Structure formats: structure tokens, C-alpha cells
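Included below are C-alpha cells for two forms of one protein chain, each presented in isolation as structure 1 and structure 2.
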Structure 1
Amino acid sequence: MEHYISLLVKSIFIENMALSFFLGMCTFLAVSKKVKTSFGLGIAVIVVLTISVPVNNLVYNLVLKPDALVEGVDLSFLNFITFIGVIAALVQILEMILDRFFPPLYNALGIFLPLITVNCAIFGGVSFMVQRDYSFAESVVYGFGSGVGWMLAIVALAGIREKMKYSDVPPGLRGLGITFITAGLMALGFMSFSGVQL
């Protein structure tokens, strides 16, 4: 119990996916206009990542791990294709299920699922999982925490950009430049948890 609280708080604060590892910045910097759409996209990322990390853990440990199937046979060169295929298939199937059975959940957050079918956040999450050699429960907790941290960061940036309706930005920085500078200031702020070892 105390081993998973550490993982949760770590993945949420000490190791942010958005501001610390720089995963998924294009959507993080593009869909950050409104807090509502940012919250919807954050929930979508939480769901997709929480489903994608443990399934890929299962597939890896079952097939792709060294000597898993036959001794002396290492199929680790298939990690990239296997991970990206599982991610895309799960995202598409979830989109279809929600569009068919649950129209409210679709019009709420399933509208964002085509954006994250191939996103660096989830792929980097699975890669870090195979690097850190998590068990199944550790994969579940790590995926959930990483999704929650990404959502916290994108919703904070959306709140800042919606507070910045009163700003007067130079024409060259209006748009992308001031968003880059804002994300940089957000990272400078999030560097508070640097020395912590959780």
C-alpha cells in the first residue's frame, strides 16, 4: 500500500509527463485554449493511458521479453511496432464502442480520441514502463498517475491562457510564442520537486 502511494505521487508530481518529460506537447500547446476542452482531453488521456500501459505490460512479459517463448530467442526488436499497434487498435475500438453504445460519453470525451491515437505521451509511457520493469499493478498505478499529472498540467495551462484574455502580447508572440514562454515558466515553477526522491 505504501509502495503504490509513492508511485502515484511520484508520477503525478515528481515526474510530470507534460512539463518534466515533454511528452505530447503539440496537443498540450494546441488544445489549451479552453479549460473545458482541456479537461475533456485530460480525461481521455487518463483513460487511454490507464488502459494502454497494463495491456502492453502483459504483451511484453508474455511474448517480447528475452527468452519468454523459447530459450535463446530474443524478440525485443518488435517492441516499437507492437506497442504502437496495440495503442492504435485500443484507441480506435474504444472510440467505436463509445460512439455506438454511450453517445453521452462520446460527445463528452470520445470526440478527442482521434487526436491521441498516435501521441508521444502514451508511447513514452509504455517505453518508460518497459525500461523500469514494472509489474502489472505497478503498470496500472503508473499509467493512472501519469495521466492524472498530464491532465493537471494541461488544465493549469488552459486556466492561465484563459486568464490571459487581459494581456497585450506583441504581434510576433501572439499565438505560439507566448504559449511556449508560458509553458517554460510553468516548468520553471514545477521544478520545485527536483530534489525529492519518492
Structure 2
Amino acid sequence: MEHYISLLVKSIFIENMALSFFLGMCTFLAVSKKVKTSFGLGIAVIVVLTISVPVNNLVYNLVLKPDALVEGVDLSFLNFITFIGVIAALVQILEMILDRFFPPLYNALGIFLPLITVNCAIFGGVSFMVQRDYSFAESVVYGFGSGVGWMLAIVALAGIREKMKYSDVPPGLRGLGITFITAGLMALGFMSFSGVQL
């Protein structure tokens, strides 16, 4: 139990996907205007990561791993294309789920809904799992925790941007440039965990 709690805390705080590792930044900077939109996107990203990491764990350990099927055969050059294919199929199903049941979020996401496939944090999590040689249970916990940390990051950014309705930002900075500055200050704040081993 302590092993998995330690792994979950590490995934959420010590190796946050957004304010550490600085991954999945495009939708983090674009879709953080409203807390509720960011909350829905964070839930979707959590679901995608939590299914993707264990499925790719199984696929790597049963097919792509060296000597997994036949002695003397690698197939490890197919890792990246297999991983992105799994993620792409998942986001394909998620698209019709959101179209049927969550039209407001479907419309708010816009062109960024199909681009959840190349959210760098999800592919990076699958790659980190393969590098670290996790088990199936470790993969489930790790994908869940990475999603949770990414969602926490984007929801905090949306809360700041909502408090900033009282700000007076210069027009050349209004929106994207000030959001870039805000994310840099957030990274400063998150440098508190830099040298801890969990």
C-alpha cells in the first residue's frame, strides 16, 4: 500500500506533468480561460491516460518487448507507432462520446479535441512507463496520477485567470503573452519539489 501511495504522490506532485517536465502545454495555455471547461478537459485527459498507460504496458510486454513472442525477434522499432495508434483510437471514441453527451465541452474544445492525441503528456507518460519497466498495477496507478496532476495544474491556472478579471493587462499581452508569464511564475512556484526522492 505504501508503495502505491508513494508512487501516486510522486506522479501528482514531484513529477507533475505540467509544471515539472513542461508537457502538454498547448491546450494548457489555450483552454484555461474557464474553470469548468478546464475541469472537463482535465477529466477527459485523466481518462485517456488511465486507459492508455496500462494497455500499452500489456502490448509492450506481450508483443513489442525483445524475445516476447519468438526468440531472436525484437519488434521494438514499432513502439512509438503502436503507442500513438492506441491513443488515437481512444481519442476517436472519446470524440463521439463528447459529441453525444457533452455538447458544451465538445464545442468549447473546438480544434483541440482531436489534438488530445498529441498532448505531449500522454505519450510522455507511456514512454516513461516503458523506460521505468512498471508492472500492470504500477501502470494503472501511474497513468491515473499523471492525469490527476495535469488536471490540478490546468485548474489552478484557470483559477488564477479567473481572479485576473480585475487585472489591467497591456493590450499586446492580453491573453496569450500574459498567460505565458503566468505559467512561468507557476513553474517557479513548483520548483519546491525539485530535489526530493519519492
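Definition used throughout: the rigid core is the maximal C-alpha set that superposes within 1.5 Å between two forms. All residue numbers here follow the sequence of structure 1, with the first residue given the number 1.
Relative to the superposed core, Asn107 shifts its CA atom by 2 Å or more between structure 1 and structure 2. The two forms, fitted on the rigid core, differ between structure 1 and structure 2 by 2 Å or more at the CA of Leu98.
Aligning the rigid core between structure 1 and structure 2 leaves the CA of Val73 offset by 1.0 Å.
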